[PDB]
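Heads up, the chain below is alone and in the form deposited without the partner chain; it's given as structure tokens.
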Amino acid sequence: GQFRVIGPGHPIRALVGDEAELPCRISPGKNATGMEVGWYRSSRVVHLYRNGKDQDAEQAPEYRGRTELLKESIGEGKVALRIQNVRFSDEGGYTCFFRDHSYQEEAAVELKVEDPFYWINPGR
């Protein structure tokens, strides 16, 4: 009962090739700089932050060099996962979590993907 984790509450929409930012915050708001904060696929680790820095060695391959965790507001308990070069396999559910020692809470976030160039390279 220390805190709950809340997402945007509605799907984030992105076009193929765009960057997409998925937000998550702890409530009540408090400093999350010292917590483990992660994102996984709804499990496959999309991005993980712990001990003050992104843990590159702990994320999956389909996301290496393709993610960022925006931490400008982490001192207020807010973060956003930025996925670069969105593609259809990125569509769907994500789980964001915040862990403070033995306590962990999470939220579900959805990404919807539209291909603005759906008409290219037909017939093969």
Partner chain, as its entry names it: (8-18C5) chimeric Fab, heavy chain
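Positions refer to the first chain, counted from 1.
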query	finding
Count class of deposited residues lacking coordinates, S42 to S43	1 to 3
Higher-scoring stretch by recorded Cα B factor average, 8 to 16 or 98 to 106	98 to 106
Per the entry, higher mean C-alpha B factor between 43 to 51 and 65 to 73	43 to 51
Residue, from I26, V86, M35, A57, that the PDB entry assigns the highest Cα B-factor	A57
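The same protein also exists as the form solved in complex with the partner chain; that form is not shown, yet it is the one meant from here on.
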item	value
Partner-contacting position among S73, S27, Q84, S43 - heavy atom within 4.5 Å of the partner chain in the entry with it bound	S43
Non-hydrogen atom contact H10 with the partner chain in the entry with it bound at 4.5 angstroms	no
Heavy atom of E110 within 4.5 Å of the partner chain in the entry with it bound	no
